[PDB]
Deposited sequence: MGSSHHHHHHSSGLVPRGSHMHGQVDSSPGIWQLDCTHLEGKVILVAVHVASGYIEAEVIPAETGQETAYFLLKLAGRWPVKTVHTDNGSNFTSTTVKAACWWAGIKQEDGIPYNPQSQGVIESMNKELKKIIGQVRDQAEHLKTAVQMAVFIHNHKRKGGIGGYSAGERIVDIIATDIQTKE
């Protein structure tokens, strides 16, 4: 749970793939829709994420993205330590599952406002990050990182 730790997570809807990165200490997320999970898509997403937040370590979502030399090349480029995503703490499995279920719930709630799934997913990212549970995940991530810079 340090300021620079993120977890990748890949979930499926409408025959498409939603790739999510989770900042583990705050639960803030960034996500995108891609037609399938490849090392090249995953690598590009990580390059995007690391330009926007100070990404120190990423726990990859599966062994294909851990092995992928393209993902390792992007983590080299961006200065990220690529790690496995083994739930040594069994709580991690459950936390990710129920986030996927929350996001899919939200996507359902908005899905009728968007023609394309990618709009719905970005509406869901906005609702997740602004939800007060008291602070939101977007507030918690800035607090944590600012505390670290100081």
In sequence order, which deposited residues have no C-alpha?
1 to 26, 160 to 163, 181 to 183
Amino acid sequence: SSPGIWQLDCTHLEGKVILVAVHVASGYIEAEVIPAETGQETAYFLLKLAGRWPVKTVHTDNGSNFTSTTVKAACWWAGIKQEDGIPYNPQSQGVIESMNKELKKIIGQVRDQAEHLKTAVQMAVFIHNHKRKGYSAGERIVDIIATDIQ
From here on, numbers count along this sequence of modelled residues.
Selected stretch [higher average CA B-factor]: 101 to 109 or 51 to 59
101 to 109
Averaging the C-alpha temperature factors as deposited, the higher value of 22 to 30 versus 88 to 96 falls on 88 to 96
Pull the Cα B-factor of residue 41 out of the PDB entry and bin it into the chain's lowest, middle or highest third.
lowest
Sorting the chain's CA B-factors, does residue 5 end up in the lowest, middle or highest third?
middle
